[PDB]
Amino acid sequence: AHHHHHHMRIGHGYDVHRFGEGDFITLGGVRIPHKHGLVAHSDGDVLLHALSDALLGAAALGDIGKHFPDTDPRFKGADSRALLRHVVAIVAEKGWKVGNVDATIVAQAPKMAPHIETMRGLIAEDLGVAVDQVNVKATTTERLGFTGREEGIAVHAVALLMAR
């Protein structure tokens, strides 16, 4: 008796990748044509990485690197949707499911708007939730800072977890 119930947890992820050569970027599982790619060991999906770290952070499980180190061949080159699904499983094992997530793509270019709803659908599938539990938005910094100078893209993500 007298156990904890209906507990909730907050997490926040902030990720950055710099532009490099390529013909597209990948955000939220969606390939977006662009004259640069993002520099990364795999697909450079800044949005899914930030969401992953928000989930792990809420669960006090560290960050992606703690669970998928580069020394581990299993996850070498892994698709970031597959990584996110593995994060969801780890967090579930610890007793937590997703209540909702909200994320902000900080990018001067390309435009994110036409891709947002597709991202929401894929993220919701990977998180095991309804689309109404997932929000993605975007903003520029009005040509200020490293995102404004088109040097890279940043994402802020927050997550609220609920006890399973």
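Start at 1 and count along the sequence shown; that's the residue number.
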On average, which has the higher Cα B-factor in the deposited entry, 68-76 or 82-90? 68-76
If you average the Cα B factors in the entry, which is higher, 128-136 or 59-67? 59-67
Identity of residue with top Cα B-factor, from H49, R120, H41, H34: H41
The third of the chain into which the C-alpha temperature factor of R149 falls is the middle
In terms of the CA temperature factor given in the entry, to which third of its chain does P114 belong: lowest, middle or highest? highest
